[PDB]
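Content type compact mmCIF, N, CA, C and O atoms, from the file entry.txt:
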```
# COMPACT_ATOMS: atom_id res chain seq x y z
N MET A 1 -4.31 6.40 14.78
CA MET A 1 -5.01 5.36 14.02
C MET A 1 -5.10 5.71 12.53
O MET A 1 -5.89 6.57 12.13
N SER A 2 -4.27 5.04 11.73
CA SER A 2 -4.21 5.24 10.29
C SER A 2 -3.85 6.68 9.94
O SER A 2 -4.26 7.21 8.91
N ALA A 3 -3.09 7.32 10.81
CA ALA A 3 -2.70 8.70 10.61
C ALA A 3 -1.27 8.94 11.06
O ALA A 3 -1.01 9.22 12.22
N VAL A 4 -0.36 8.80 10.14
CA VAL A 4 1.04 9.06 10.40
C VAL A 4 1.54 10.13 9.45
O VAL A 4 1.46 9.98 8.23
N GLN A 5 2.03 11.23 10.01
CA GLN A 5 2.55 12.32 9.21
C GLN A 5 3.74 11.84 8.40
O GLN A 5 4.81 11.55 8.95
N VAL A 6 3.54 11.76 7.10
CA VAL A 6 4.56 11.27 6.19
C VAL A 6 4.47 11.99 4.87
O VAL A 6 5.46 12.21 4.18
N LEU A 7 3.27 12.37 4.52
CA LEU A 7 3.01 12.95 3.24
C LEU A 7 2.56 14.37 3.47
O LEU A 7 2.05 14.68 4.54
N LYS A 8 2.81 15.24 2.53
CA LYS A 8 2.34 16.59 2.63
C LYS A 8 2.13 17.16 1.24
O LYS A 8 2.82 16.78 0.30
N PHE A 9 1.16 18.04 1.12
CA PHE A 9 0.89 18.71 -0.13
C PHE A 9 1.16 20.18 0.07
O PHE A 9 0.29 20.92 0.53
N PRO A 10 2.41 20.57 -0.22
CA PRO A 10 2.92 21.93 -0.11
C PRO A 10 1.86 23.01 -0.30
O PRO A 10 1.61 23.44 -1.42
N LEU A 11 1.33 23.52 0.81
CA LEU A 11 0.25 24.51 0.75
C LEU A 11 0.78 25.83 0.22
O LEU A 11 0.03 26.75 -0.10
N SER A 12 2.09 25.88 0.14
CA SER A 12 2.81 27.06 -0.29
C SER A 12 3.20 26.99 -1.77
O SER A 12 3.86 27.89 -2.29
N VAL A 13 2.79 25.93 -2.47
CA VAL A 13 3.16 25.78 -3.87
C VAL A 13 1.96 25.35 -4.68
O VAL A 13 0.84 25.23 -4.16
N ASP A 14 2.20 25.10 -5.94
CA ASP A 14 1.18 24.59 -6.83
C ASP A 14 0.99 23.10 -6.58
O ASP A 14 1.19 22.26 -7.46
N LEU A 15 0.60 22.80 -5.35
CA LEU A 15 0.42 21.45 -4.87
C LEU A 15 -0.61 20.68 -5.68
O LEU A 15 -0.69 19.48 -5.53
N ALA A 16 -1.38 21.35 -6.53
CA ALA A 16 -2.40 20.68 -7.34
C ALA A 16 -1.82 19.49 -8.07
O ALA A 16 -2.53 18.54 -8.41
N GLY A 17 -0.52 19.53 -8.29
CA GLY A 17 0.16 18.42 -8.90
C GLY A 17 0.27 17.23 -7.96
O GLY A 17 0.05 16.10 -8.37
N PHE A 18 0.59 17.48 -6.69
CA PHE A 18 0.77 16.39 -5.75
C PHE A 18 -0.50 16.11 -4.95
O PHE A 18 -0.91 14.96 -4.82
N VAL A 19 -1.11 17.15 -4.41
CA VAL A 19 -2.31 16.97 -3.63
C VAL A 19 -3.35 16.38 -4.54
O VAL A 19 -4.12 15.53 -4.16
N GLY A 20 -3.28 16.82 -5.78
CA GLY A 20 -4.11 16.29 -6.81
C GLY A 20 -3.73 14.86 -7.10
O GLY A 20 -4.59 14.01 -7.24
N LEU A 21 -2.44 14.59 -7.10
CA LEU A 21 -1.91 13.28 -7.46
C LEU A 21 -2.54 12.17 -6.64
O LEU A 21 -3.03 11.19 -7.19
N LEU A 22 -2.57 12.30 -5.32
CA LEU A 22 -3.10 11.22 -4.51
C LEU A 22 -4.59 11.38 -4.28
O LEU A 22 -5.31 10.42 -4.01
N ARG A 23 -5.02 12.61 -4.37
CA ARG A 23 -6.45 12.93 -4.34
C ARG A 23 -7.11 12.29 -5.54
O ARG A 23 -8.30 11.99 -5.55
N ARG A 24 -6.29 12.06 -6.55
CA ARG A 24 -6.68 11.39 -7.77
C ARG A 24 -6.71 9.89 -7.57
O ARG A 24 -7.45 9.18 -8.25
N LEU A 25 -5.92 9.42 -6.62
CA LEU A 25 -5.69 8.01 -6.46
C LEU A 25 -6.88 7.35 -5.79
O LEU A 25 -7.32 6.27 -6.20
N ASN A 26 -7.42 8.03 -4.79
CA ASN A 26 -8.52 7.51 -3.98
C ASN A 26 -8.82 8.42 -2.79
O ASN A 26 -9.81 8.22 -2.09
N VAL A 27 -7.96 9.44 -2.59
CA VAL A 27 -8.09 10.44 -1.52
C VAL A 27 -8.74 9.88 -0.23
O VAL A 27 -9.83 10.28 0.18
N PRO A 28 -8.05 8.93 0.41
CA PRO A 28 -8.50 8.26 1.63
C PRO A 28 -7.79 8.75 2.89
O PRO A 28 -7.71 8.03 3.89
N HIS A 29 -7.28 9.97 2.87
CA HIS A 29 -6.27 10.38 3.83
C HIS A 29 -6.70 11.50 4.75
O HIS A 29 -7.77 12.09 4.59
N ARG A 30 -5.85 11.77 5.73
CA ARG A 30 -6.03 12.92 6.60
C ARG A 30 -5.23 14.11 6.08
O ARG A 30 -4.04 13.99 5.79
N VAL A 31 -5.90 15.24 5.94
CA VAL A 31 -5.26 16.51 5.62
C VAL A 31 -5.19 17.40 6.85
O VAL A 31 -6.21 17.73 7.45
N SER A 32 -3.98 17.77 7.23
CA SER A 32 -3.78 18.65 8.37
C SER A 32 -2.57 19.52 8.14
O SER A 32 -1.50 19.03 7.80
N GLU A 33 -2.72 20.81 8.34
CA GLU A 33 -1.68 21.77 8.02
C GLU A 33 -0.65 21.84 9.14
O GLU A 33 -0.88 22.45 10.18
N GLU A 34 0.49 21.19 8.91
CA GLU A 34 1.51 21.05 9.94
C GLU A 34 2.70 21.97 9.67
O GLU A 34 3.40 21.82 8.66
N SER A 35 2.89 22.95 10.56
CA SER A 35 4.07 23.83 10.58
C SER A 35 4.10 24.82 9.40
O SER A 35 4.50 25.97 9.56
N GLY A 36 3.68 24.37 8.23
CA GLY A 36 3.73 25.21 7.06
C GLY A 36 3.44 24.47 5.77
O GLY A 36 3.55 25.03 4.69
N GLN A 37 3.09 23.19 5.87
CA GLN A 37 2.65 22.44 4.71
C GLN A 37 1.36 21.76 5.08
O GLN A 37 1.17 21.37 6.22
N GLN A 38 0.44 21.66 4.14
CA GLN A 38 -0.71 20.83 4.34
C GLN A 38 -0.20 19.42 4.33
O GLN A 38 0.64 19.08 3.51
N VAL A 39 -0.66 18.63 5.23
CA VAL A 39 -0.04 17.36 5.45
C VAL A 39 -1.03 16.23 5.43
O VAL A 39 -2.16 16.35 5.88
N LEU A 40 -0.58 15.15 4.87
CA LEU A 40 -1.40 14.02 4.57
C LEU A 40 -0.88 12.82 5.34
O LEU A 40 0.32 12.50 5.30
N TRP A 41 -1.77 12.17 6.05
CA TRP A 41 -1.39 11.08 6.92
C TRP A 41 -2.24 9.86 6.59
O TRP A 41 -3.43 9.85 6.93
N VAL A 42 -1.70 8.88 5.88
CA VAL A 42 -2.39 7.59 5.81
C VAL A 42 -1.53 6.31 5.95
O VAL A 42 -2.02 5.23 5.64
N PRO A 43 -0.25 6.35 6.40
CA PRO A 43 0.52 5.12 6.56
C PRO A 43 0.50 4.53 7.97
O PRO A 43 -0.51 4.55 8.67
N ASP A 44 1.66 4.00 8.36
CA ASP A 44 1.87 3.34 9.64
C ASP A 44 3.26 3.69 10.15
O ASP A 44 3.43 4.41 11.13
N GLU A 45 4.23 3.15 9.45
CA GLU A 45 5.63 3.30 9.78
C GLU A 45 6.45 2.74 8.64
O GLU A 45 7.27 3.43 8.05
N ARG A 46 6.17 1.49 8.32
CA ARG A 46 6.75 0.87 7.14
C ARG A 46 5.91 1.25 5.94
O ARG A 46 6.41 1.44 4.83
N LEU A 47 4.62 1.40 6.20
CA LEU A 47 3.66 1.81 5.19
C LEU A 47 3.99 3.22 4.71
O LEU A 47 3.79 3.55 3.55
N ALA A 48 4.52 4.03 5.62
CA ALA A 48 4.83 5.44 5.36
C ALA A 48 5.49 5.67 4.00
O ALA A 48 5.09 6.54 3.22
N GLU A 49 6.47 4.83 3.72
CA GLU A 49 7.28 4.97 2.52
C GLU A 49 6.47 4.54 1.32
O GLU A 49 6.46 5.20 0.29
N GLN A 50 5.74 3.46 1.50
CA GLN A 50 4.89 2.92 0.46
C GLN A 50 3.80 3.92 0.10
O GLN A 50 3.40 4.03 -1.05
N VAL A 51 3.38 4.69 1.09
CA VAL A 51 2.21 5.52 0.94
C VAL A 51 2.52 6.71 0.05
O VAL A 51 1.93 6.87 -0.99
N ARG A 52 3.49 7.52 0.41
CA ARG A 52 3.74 8.71 -0.40
C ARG A 52 4.62 8.37 -1.59
O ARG A 52 4.40 8.86 -2.70
N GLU A 53 5.59 7.50 -1.38
CA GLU A 53 6.62 7.28 -2.37
C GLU A 53 6.15 6.37 -3.46
O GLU A 53 6.69 6.39 -4.54
N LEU A 54 5.18 5.55 -3.18
CA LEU A 54 4.66 4.70 -4.23
C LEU A 54 3.36 5.22 -4.76
O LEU A 54 3.06 5.03 -5.92
N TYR A 55 2.60 5.94 -3.97
CA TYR A 55 1.36 6.48 -4.48
C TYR A 55 1.69 7.50 -5.55
O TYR A 55 0.94 7.70 -6.49
N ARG A 56 2.85 8.11 -5.38
CA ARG A 56 3.32 9.13 -6.30
C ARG A 56 3.83 8.55 -7.63
O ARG A 56 4.09 9.31 -8.56
N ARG A 57 3.96 7.22 -7.76
CA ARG A 57 4.64 6.68 -8.94
C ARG A 57 4.22 5.26 -9.33
O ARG A 57 4.41 4.87 -10.47
N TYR A 58 3.71 4.47 -8.40
CA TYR A 58 3.32 3.10 -8.71
C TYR A 58 1.80 2.90 -8.65
O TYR A 58 1.19 2.73 -9.68
N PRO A 59 1.15 2.87 -7.46
CA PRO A 59 -0.32 2.97 -7.35
C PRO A 59 -0.97 3.97 -8.32
O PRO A 59 -2.00 3.66 -8.92
N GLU A 60 -0.39 5.16 -8.48
CA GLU A 60 -0.96 6.15 -9.39
C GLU A 60 -0.21 6.09 -10.72
O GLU A 60 -0.77 6.33 -11.78
N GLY A 61 1.05 5.72 -10.63
CA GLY A 61 1.83 5.43 -11.81
C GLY A 61 1.52 4.04 -12.33
O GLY A 61 2.33 3.40 -13.00
N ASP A 62 0.34 3.60 -12.00
CA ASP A 62 -0.16 2.29 -12.39
C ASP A 62 -0.71 2.39 -13.81
O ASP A 62 -0.75 3.49 -14.37
N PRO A 63 -1.13 1.28 -14.43
CA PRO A 63 -1.92 1.31 -15.66
C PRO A 63 -3.12 2.28 -15.58
O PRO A 63 -3.81 2.50 -16.57
N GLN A 64 -3.36 2.83 -14.40
CA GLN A 64 -4.43 3.79 -14.19
C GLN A 64 -4.16 5.09 -14.94
O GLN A 64 -4.91 5.44 -15.86
N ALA A 65 -3.10 5.79 -14.57
CA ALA A 65 -2.94 7.17 -15.02
C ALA A 65 -1.50 7.62 -15.11
O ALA A 65 -0.87 7.56 -16.16
N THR A 66 -0.99 8.08 -13.98
CA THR A 66 0.31 8.71 -13.88
C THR A 66 1.44 7.71 -14.17
O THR A 66 1.19 6.51 -14.23
N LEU A 67 2.64 8.23 -14.45
CA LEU A 67 3.86 7.44 -14.54
C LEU A 67 4.98 8.30 -15.08
O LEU A 67 4.91 8.76 -16.22
N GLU A 68 6.00 8.54 -14.26
CA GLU A 68 7.12 9.41 -14.62
C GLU A 68 6.65 10.84 -14.89
O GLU A 68 7.38 11.66 -15.45
N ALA A 69 5.43 11.12 -14.47
CA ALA A 69 4.84 12.44 -14.65
C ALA A 69 4.56 13.07 -13.31
O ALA A 69 3.97 14.14 -13.25
N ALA A 70 4.96 12.36 -12.25
CA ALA A 70 4.77 12.83 -10.88
C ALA A 70 5.21 14.28 -10.76
O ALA A 70 6.41 14.58 -10.80
```

Now, as a test, write the supplied structure out as structure tokens.
Amino acid sequence: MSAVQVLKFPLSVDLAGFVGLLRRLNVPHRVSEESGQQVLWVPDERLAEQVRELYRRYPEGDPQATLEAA
């Protein structure tokens, strides 16, 4: 329910850029450390792509803040 593994915030890197990125957006997600990355689940299936791939550049790359700085 509203938890599809699609997004992850590399627990092994300076994820503050990405985990921060969507945590900056509204941080409405599930964080769970899967296999070796902290992982973020808030899509569906079609939403999956919209969730990480657009939150990283459109929703957050909005007139709000980020853009080409992902």

Exercise for the section: For residue 42 of chain A, work out the shell of residues within 7 Å, counting all atoms listed in the file and skipping chain neighbours fewer than 4 positions away, then give it as JSON, numbers by chain. Expected result: {"A": [2, 3, 4, 5, 6, 7, 28, 29, 30, 47, 48, 51]}

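For the atom pair formed by atom CA of residue 19 of chain A and atom CA of residue 54 of chain A, the distance is 14.1 Å, given to one decimal.
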
Problem - Backbone-only DSSP, strand (DSSP E or B) members of chain A, as a PyMOL selection string - result: chain A and resi 5-9+30-34+37-41

Exercise for the section: Find, counting only N, CA, C and O atoms, the residue in A:21, A:1, A:11, A:16 that gets nearest to residue 66 of chain A. Expected result: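 Smallest separation from residue 66 of chain A among the options: A:21.
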
Problem - Best match for closeness to residue 33 of chain A among A:12, A:63, A:68, A:58, counting only C-alpha atoms - result: A:12

Problem - Among listed residues A:37, A:69, A:61, A:49, nearest residue 25 of chain A (using only C-alpha atoms) - result: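 Looking at the shortest contact to residue 25 of chain A, the residue is A:61.
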
Practice task
Show which residues sit within 7 Å of residue 38 of chain A, as a list in words. Count only C-alpha atoms, and ignore same-chain residues fewer than 6 positions away.
Solution key: residues 8, 9, 10, 11, 31 and 32 of chain A

From a DSSP pass on the backbone, collect the residues of chain A flagged as helix (DSSP H, G or I) and hand them back as an mmCIF file with N, CA, C and O atoms, in the frame of the given file.
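The resulting file, result.cif, is shown below:
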```cif
data_model
loop_
_atom_site.group_PDB
_atom_site.id
_atom_site.type_symbol
_atom_site.label_atom_id
_atom_site.label_comp_id
_atom_site.auth_asym_id
_atom_site.auth_seq_id
_atom_site.Cartn_x
_atom_site.Cartn_y
_atom_site.Cartn_z
ATOM 1 N N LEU A 15 0.600 22.800 -5.350
ATOM 2 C CA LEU A 15 0.420 21.450 -4.870
ATOM 3 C C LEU A 15 -0.610 20.680 -5.680
ATOM 4 O O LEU A 15 -0.690 19.480 -5.530
ATOM 5 N N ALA A 16 -1.380 21.350 -6.530
ATOM 6 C CA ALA A 16 -2.400 20.680 -7.340
ATOM 7 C C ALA A 16 -1.820 19.490 -8.070
ATOM 8 O O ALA A 16 -2.530 18.540 -8.410
ATOM 9 N N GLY A 17 -0.520 19.530 -8.290
ATOM 10 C CA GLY A 17 0.160 18.420 -8.900
ATOM 11 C C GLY A 17 0.270 17.230 -7.960
ATOM 12 O O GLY A 17 0.050 16.100 -8.370
ATOM 13 N N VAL A 19 -1.110 17.150 -4.410
ATOM 14 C CA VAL A 19 -2.310 16.970 -3.630
ATOM 15 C C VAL A 19 -3.350 16.380 -4.540
ATOM 16 O O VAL A 19 -4.120 15.530 -4.160
ATOM 17 N N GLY A 20 -3.280 16.820 -5.780
ATOM 18 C CA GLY A 20 -4.110 16.290 -6.810
ATOM 19 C C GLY A 20 -3.730 14.860 -7.100
ATOM 20 O O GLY A 20 -4.590 14.010 -7.240
ATOM 21 N N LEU A 21 -2.440 14.590 -7.100
ATOM 22 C CA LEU A 21 -1.910 13.280 -7.460
ATOM 23 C C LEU A 21 -2.540 12.170 -6.640
ATOM 24 O O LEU A 21 -3.030 11.190 -7.190
ATOM 25 N N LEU A 22 -2.570 12.300 -5.320
ATOM 26 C CA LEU A 22 -3.100 11.220 -4.510
ATOM 27 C C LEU A 22 -4.590 11.380 -4.280
ATOM 28 O O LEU A 22 -5.310 10.420 -4.010
ATOM 29 N N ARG A 23 -5.020 12.610 -4.370
ATOM 30 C CA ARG A 23 -6.450 12.930 -4.340
ATOM 31 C C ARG A 23 -7.110 12.290 -5.540
ATOM 32 O O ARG A 23 -8.300 11.990 -5.550
ATOM 33 N N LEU A 47 4.620 1.400 6.200
ATOM 34 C CA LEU A 47 3.660 1.810 5.190
ATOM 35 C C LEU A 47 3.990 3.220 4.710
ATOM 36 O O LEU A 47 3.790 3.550 3.550
ATOM 37 N N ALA A 48 4.520 4.030 5.620
ATOM 38 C CA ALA A 48 4.830 5.440 5.360
ATOM 39 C C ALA A 48 5.490 5.670 4.000
ATOM 40 O O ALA A 48 5.090 6.540 3.220
ATOM 41 N N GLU A 49 6.470 4.830 3.720
ATOM 42 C CA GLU A 49 7.280 4.970 2.520
ATOM 43 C C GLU A 49 6.470 4.540 1.320
ATOM 44 O O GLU A 49 6.460 5.200 0.290
ATOM 45 N N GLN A 50 5.740 3.460 1.500
ATOM 46 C CA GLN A 50 4.890 2.920 0.460
ATOM 47 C C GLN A 50 3.800 3.920 0.100
ATOM 48 O O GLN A 50 3.400 4.030 -1.050
ATOM 49 N N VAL A 51 3.380 4.690 1.090
ATOM 50 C CA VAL A 51 2.210 5.520 0.940
ATOM 51 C C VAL A 51 2.520 6.710 0.050
ATOM 52 O O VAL A 51 1.930 6.870 -0.990
ATOM 53 N N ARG A 52 3.490 7.520 0.410
ATOM 54 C CA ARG A 52 3.740 8.710 -0.400
ATOM 55 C C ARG A 52 4.620 8.370 -1.590
ATOM 56 O O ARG A 52 4.400 8.860 -2.700
ATOM 57 N N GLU A 53 5.590 7.500 -1.380
ATOM 58 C CA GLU A 53 6.620 7.280 -2.370
ATOM 59 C C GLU A 53 6.150 6.370 -3.460
ATOM 60 O O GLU A 53 6.690 6.390 -4.540
ATOM 61 N N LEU A 54 5.180 5.550 -3.180
ATOM 62 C CA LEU A 54 4.660 4.700 -4.230
ATOM 63 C C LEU A 54 3.360 5.220 -4.760
ATOM 64 O O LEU A 54 3.060 5.030 -5.920
ATOM 65 N N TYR A 55 2.600 5.940 -3.970
ATOM 66 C CA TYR A 55 1.360 6.480 -4.480
ATOM 67 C C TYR A 55 1.690 7.500 -5.550
ATOM 68 O O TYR A 55 0.940 7.700 -6.490
#
```

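Reported to one decimal place, the separation of atom C of residue 59 of chain A from atom C of residue 40 of chain A is 16.3 Å.
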
Exercise for the section: For each of A:20, A:27, A:41, A:13, take the minimum atom-to-atom distance to residue 70 of chain A, counting only C-alpha atoms, then give the residue where this is smallest. Expected result: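 For residue 70 of chain A, the nearest of the given residues is A:20.
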
Problem - Distance of atom CA of residue 52 of chain A from atom CA of residue 22 of chain A, expressed in Å to one decimal place - result: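 Distance between the two atoms: 8.4 Å.
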